[PDB]
Amino acid sequence: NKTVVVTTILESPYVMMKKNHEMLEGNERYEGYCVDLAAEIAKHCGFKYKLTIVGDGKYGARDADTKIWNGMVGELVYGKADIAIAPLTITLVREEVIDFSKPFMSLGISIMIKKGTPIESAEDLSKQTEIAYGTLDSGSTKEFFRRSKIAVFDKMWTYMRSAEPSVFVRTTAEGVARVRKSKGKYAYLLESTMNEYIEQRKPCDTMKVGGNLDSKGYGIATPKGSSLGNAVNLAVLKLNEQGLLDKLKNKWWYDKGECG
Amino acid sequence: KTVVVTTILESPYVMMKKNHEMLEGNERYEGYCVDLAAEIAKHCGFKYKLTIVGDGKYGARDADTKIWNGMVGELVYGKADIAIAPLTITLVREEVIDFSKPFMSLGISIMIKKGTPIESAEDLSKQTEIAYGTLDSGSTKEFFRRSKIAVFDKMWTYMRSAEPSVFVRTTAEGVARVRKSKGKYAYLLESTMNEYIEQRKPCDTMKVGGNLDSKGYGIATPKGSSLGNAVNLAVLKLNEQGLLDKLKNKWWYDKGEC
Ligand SMILES: O=C(O)[C@H]1Cc2c(O)noc2CN1
Ligand SMILES: O=C(O)[C@H]1Cc2c(O)noc2CN1
Ligand SMILES: [Cl-]
Ligand SMILES: [Cl-]
Ligand SMILES: [Cl-]
Ligand SMILES: [Cl-]
């Protein structure tokens, strides 16, 4: 019986530093949707755990050259962590190297704009050059565009991959700042969950426009064939059925939203 | 070597083709799950036979005998190799069979005859003039049975004892019931079918309010079945290729009737 090492990522509102973090230690340093979820999962499954922020601050991709996995996925693949509890998208390529619970939350790639930006759809973005647009420099959204056979998305990708200066960002926060500071000349492609969160935060100058480009989910991830998998999956299903997940979403997204 | 698929007659997931009486085997059927089965079969490299579950149920454990019925029973008792249907992923089922990651999202929803003065579950629970129920078996009924949420528990205590029965054997009967009850019956069912029916003639029903929960349908296999892994990767590949979105638009394609 050992302490479970949880890899996660500093991404609001899933995991955030508490106000007095500088005088706090261990799990108490952090707060958020995934901090609450880790607590609920640990309890229903009966384990102790340590929250650790992934070192490279990444979600998880395989370098094409070295073939090494980075991010939280790499943490699991190379045995640095026992479980990942984070807004980590279930994808085919990931499912080939790690296990995922059934989804604890749904999302889709979405478009964030500065209020007043004349854009309603991915098709609008694709037909113009005045407003620039990009995605997270890594992760499942970038990979969606790189791999898409759908004409509109492929056209967006061919623009994005070669835009100068770079339209990609290192973090969600950077994407948000870029939309906010660009006077309507930048739109950010990101998962609907983050988009809806930011829409509820001061200065309330962003919004999600149009439908989602796809439909997918976040799953709790474990090393392939890990014994923890089964219990965590059942825990996620129980929590969903009790309404606890809906409660958590409301708590961190809307309950104390700052935009009325 | 021929995979046996248990599925269920449920529009627009699986439906009898026009002139099916002269058709044979898999060609008797059409719909979202028929296309999905074909796609899954192609990606996993197997031949298959579609079979309509004998008792016409999704799957529940009998309280007395503790025997599983419906499509879940078919997998649990070795009658089928895989279930490809709008079968809801639930904790209780996940304990006895395996599920792929979801191929479709849904939630429990409210169907009313147009003009009914109801906008939400809370409304229903606060009145008695308009009756309401669910399928006499399946995950929607179980949802209300198990719920500790105030409004939903109140709805359940009403529905379980209401006279005559507010439960129906098939979705078609629930829908017929809403249509024929002049606004005196509301039907609780999953959002996917609600939205489908809303766009079909006579265009006299509608979904009202948001969904009561959020869950998904998964392709099911007997517990620990080998087929499980391949089928899950296939579902994920189909999603990422946009094939699942294509199938949804095809079968919920709005011709305009409503
Ligand atoms: O799992 C993943 O790769 C990432 C990608 C992503 C994004 O683009 N916006 O938000 C997120 C969180 N999930
Ligand atoms: O899987 C299941 O038990 C059933 C339940 C249900 C319902 O109530 N309306 O539609 C359905 C399909 N899923
Ligand atoms: Cl409990
Ligand atoms: Cl292919
Ligand atoms: Cl029952
Ligand atoms: Cl009683």
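Along the chain as shown, the residues are counted starting at 1.
Yeah, the Cβs are placed from backbone N, Cα and C, and that goes for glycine too.
Summarising the annotation, Swiss-Prot assigns L-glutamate binding site to A:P87, A:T89, A:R94, A:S140, A:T141, A:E191 and lists experimental evidence as the type of evidence. In the three-state DSSP reading, A:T89 (L-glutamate binding site) counts as strand.
A sphere of 10 angstroms centred on the C-beta of A:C204 (disulfide bond) encloses 14 other C-beta atoms. Among the features that Swiss-Prot reports, disulfide bond is placed at A:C204-A:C259, with the record citing experimental evidence.
The N-linked glycosylation site feature in Swiss-Prot is assigned to A:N1. Residue environment of A:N1 (N-linked glycosylation site) contains 6 other Cβ atoms, counted within 10 Å of its Cβ in all protein chains.
Other Cβ atoms within 10 Å of the Cβ of A:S148 (phosphoserine), summed over all protein chains shown, number 19. The secondary structure of A:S148 (phosphoserine), as reduced to three states from DSSP, is coil rather than helix or strand. According to Swiss-Prot, the feature phosphoserine maps to A:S148 (among others).
Just so you know, the Cβ of A:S182 (phosphoserine) picks up 16 other Cβ atoms within 10 Å once every protein chain is counted. As annotated by Swiss-Prot, phosphoserine applies to A:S182 (among others).
In the structure as shown, the Cβ atom of A:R62 (site 'Interaction with the cone snail toxin Con-ikot-ikot') sits within 10 Å of 18 other Cβ atoms. The site 'Interaction with the cone snail toxin Con-ikot-ikot' annotation in Swiss-Prot covers A:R62 (among others) and rests on experimental evidence.
The annotation site 'Crucial to convey clamshell closure to channel opening' is assigned in Swiss-Prot to A:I119 on the grounds of experimental evidence. Reduced to three states, the DSSP call for A:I119 (site 'Crucial to convey clamshell closure to channel opening') is coil. There are 20 other Cβ atoms within 10 Å of the Cβ belonging to A:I119 (site 'Crucial to convey clamshell closure to channel opening').
The annotation site 'Interaction with the cone snail toxin Con-ikot-ikot' is assigned in Swiss-Prot to A:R146 (among others). The Cβ of A:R146 (site 'Interaction with the cone snail toxin Con-ikot-ikot') lies under 8 Å from the Cβ of A:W157, A:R161, each of which sits 6+ residues away along the same chain.
What Swiss-Prot lists as site 'Interaction with the cone snail toxin Con-ikot-ikot' is A:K238 (among others). A simple way to gauge crowding: the CB of A:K238 (site 'Interaction with the cone snail toxin Con-ikot-ikot') has 15 other CB atoms within 10 angstroms, across all the protein chains here.
Binding of L-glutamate is attributed in the record to A:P87, A:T89, A:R94, A:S140, A:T141, A:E191, and the widest Cα separation among these residues amounts to 17 Å. DSSP assigns A:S182 (phosphoserine) to coil in the three-state reduction, outside any helix or strand. In this entry, A:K238 stand out among the recorded positions A:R62, A:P87, A:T141, A:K238 as having a C-beta under 8 A from a C-beta of chain B. Checking the recorded positions A:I119, A:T141, A:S148, A:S182 for a CB within less than 6 Å of any atom of ligand 5 leaves no residue at all. Shown in sequence order, A:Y59, A:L88, A:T91, A:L107, A:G139, A:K216, A:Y218 are the same-chain residues outside A:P87, A:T89, A:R94, A:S140, A:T141, A:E191 whose Cβ sits within 8 Å of the Cβ centre of the L-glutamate site. Rounded to the nearest whole angstrom, the C-alpha distance between A:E191 (L-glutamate binding site) and A:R62 (site 'Interaction with the cone snail toxin Con-ikot-ikot') is 20. According to DSSP, A:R62 (site 'Interaction with the cone snail toxin Con-ikot-ikot') is assigned to a strand segment.
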